[PDB]
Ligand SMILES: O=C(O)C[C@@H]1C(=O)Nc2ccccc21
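Here you get one chain, nothing else, as structure tokens; it is the form solved without this ligand.
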């Protein structure tokens, strides 16, 4: 227990920092990318999978750039199925179709979005990043890539891809548009949180041990990666503090949370030193839609693990009967 006590976490609502053009920045970003056709493509693949049909996905994300993914459809009688759009943790990528059997086995179509330029840490990826011309001086990793200007910042592109991933999922014929869920843990959680504010198609949010929240506090509290990439950039570029946090404010899950309206299930580990509880609760507490949080007092970044998976299935079942 290195963070605020739980009684204080439950009330923690730090003063939010955002620029006055926060919304306009996102409106312009999405409008510019909507000018390119989504051109979603689903290509059935040869697989040893027997209970699921697997498709190679391609769609246009940020600025028409082609993003890969998987679509896993469980072999069931129902003509329309509910659907989970799944975002991936830091240094991960879409891997193989059989890496994502959980939701299909629970009777949900699952759209897994590959993460541009990552896919080399713990699971392979196939989607490149495409920068806005020059790739500035940065610290190793993604956290500081383009960080001196929100228009060039890496997560501008990722978030836009993620919003478009929902539209691509929605274009698949047996996807029930009334039951599209956006889901992620860690980086995936932070991507999902941004999507829960920017997407018009998402109906529910699953958001575990979210990353990309309350940056200024994160960097103060922990010296773990990936948040430490920002700290290390700041150690060297000592004249850039104000600029760095200005940029980051446009991508902070706390600011997106204040705008999200769809129902949400959060989870948090009180001993999580990768995504500290105070950063997660800051997001949760500002989250503007109907919400619940599962608190795992003795867990680190693993969170509630399989226990939380059970909670997520129960939560959605109940949500989509009401």
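Positions refer to the first chain, counted from 1.
Although not depicted, the form deposited with this ligand bound is the subject of the following passage.
Between this ligand and the residues 217, 237, 246, 225, the one pair within 4.5 Å by heavy atoms in the deposited bound form involves 225. 186 is the sole member of 199, 160, 186, 144 with a non-hydrogen atom lying within 4.5 angstroms of this ligand in the deposited bound form. No member of the trio 25, 250 and 259 reaches this ligand in the deposited bound form with any non-hydrogen atom inside 4.5 Å.
Remark: residue 100 does not count among the residues lining this ligand in the deposited bound form, judged by a heavy atom distance of 4.5 Å or less. The closest non-hydrogen atom of residue 150 lies beyond 4.5 Å of this ligand in the deposited bound form. Contact annotation: residue 301 falls within 4.5 Å of this ligand in the deposited bound form, judged by heavy atom distances. Contact check for residue 90: a non-hydrogen atom falls within 4.5 Å of this ligand in the deposited bound form. The stretch among 70-78, 225-233, 107-115, 128-136 whose residues place heavy atoms within 4.5 Å of this ligand in the deposited bound form is 225-233. Residue 122 is the sole member of 104-122 found to place a heavy atom within 4.5 Å of this ligand in the deposited bound form.
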